[PDB]
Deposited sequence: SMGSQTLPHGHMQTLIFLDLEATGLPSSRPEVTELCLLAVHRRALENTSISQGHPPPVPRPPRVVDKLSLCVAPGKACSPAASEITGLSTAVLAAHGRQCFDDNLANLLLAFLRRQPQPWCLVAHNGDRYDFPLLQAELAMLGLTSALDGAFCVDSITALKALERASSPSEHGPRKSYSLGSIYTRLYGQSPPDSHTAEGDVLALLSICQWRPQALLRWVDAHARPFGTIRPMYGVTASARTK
């Protein structure tokens, strides 16, 4: 194991104003911290663990949401401003780090398509604030890569809804809201928990090696 056994899996999802090439900005985020103990034990959807830490926040972006983004997430810059949401700032970064500091280390962020979207976007927002190494103590894995390895070890789509529906026979409840996507990802990761933990431990990647989607590197 490159960095030992991960103690806490922090399932993560970011919603934003658009796609990577549009220089997107976070509109919503959810972090759900689950200790390794909770993952050490047609079918029914597994129940979430009793002991979990959860953080869900809406963020006012510095730009307009694309029509597709508002259609998908139900959020817009006007709606976020009507609720007095604040931009991505130092206080938000301090909040995220304080949330992670509640969790036993090593931390491992888990996000669906995180290597291409969630992780670079989070690094980009931190880079704009000059907090380039704020979350360097954490590790991260992409659950798309994880679930591909698990299912193939025993063509399919490996989107969040495709895997969820393929395993449990129904679509996840609250699709394309940060918390709903995190809870659906947790349910899928509870399918084969021990096999997931083995894969996460072997593929845990330092968050500092994640290049930001934009901004200084």
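- Task: Take the full deposited sequence, match it to the modelled residues, and report the stretches without C-alphas.
- Result: Counting from residue 1, the stretches without coordinates are 1-6, 48-54, 168-174, 238-243.
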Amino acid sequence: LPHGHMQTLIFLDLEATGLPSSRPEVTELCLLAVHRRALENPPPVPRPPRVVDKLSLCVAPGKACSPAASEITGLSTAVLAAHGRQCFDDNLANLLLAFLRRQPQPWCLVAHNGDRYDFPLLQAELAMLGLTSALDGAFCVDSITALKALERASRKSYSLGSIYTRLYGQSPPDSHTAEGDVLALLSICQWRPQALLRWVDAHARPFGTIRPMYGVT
From here on, numbers count along this sequence of modelled residues.
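- Please work out which of 174-182 and 157-165 has the higher mean CA B-factor as recorded in the PDB entry. Stretch with the higher mean C-alpha B-factor: 174-182.
- Item | 132-140 or 115-123, whichever carries the higher mean Cα B-factor | Mean C-alpha B-factor is greater for 132-140.
- Message: Per the entry's Cα B factor values, which of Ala60, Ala33, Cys30, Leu150 stands out as the maximum?
- Response: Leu150 has the highest C-alpha B-factor of those listed.
- Query: Going by the entry, which third of its chain does the Cα temperature factor of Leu39 land in?
  - Reply: Top third by C-alpha B-factor.
- Task: Pull the Cα B-factor of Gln190 out of the PDB entry and bin it into the chain's lowest, middle or highest third.
- Result: Its C-alpha B-factor belongs to the highest third of this chain's values.
- Lowest, middle or highest third: where is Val216 by C-alpha B factor in its chain? Answer is highest: the recorded C-alpha B-factor places it there.
- Message: Splitting the chain's C-alpha B-factors into thirds, which one does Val200 fall into?
- Response: Bottom third by C-alpha B-factor.
- Message: Quick check on the deposited entry: does the C-alpha B-factor of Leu1 sit in the lowest, middle or highest third of its chain?
- Response: For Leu1, whose C-alpha B-factor we compare with every modelled residue in the chain, the answer is the highest third.
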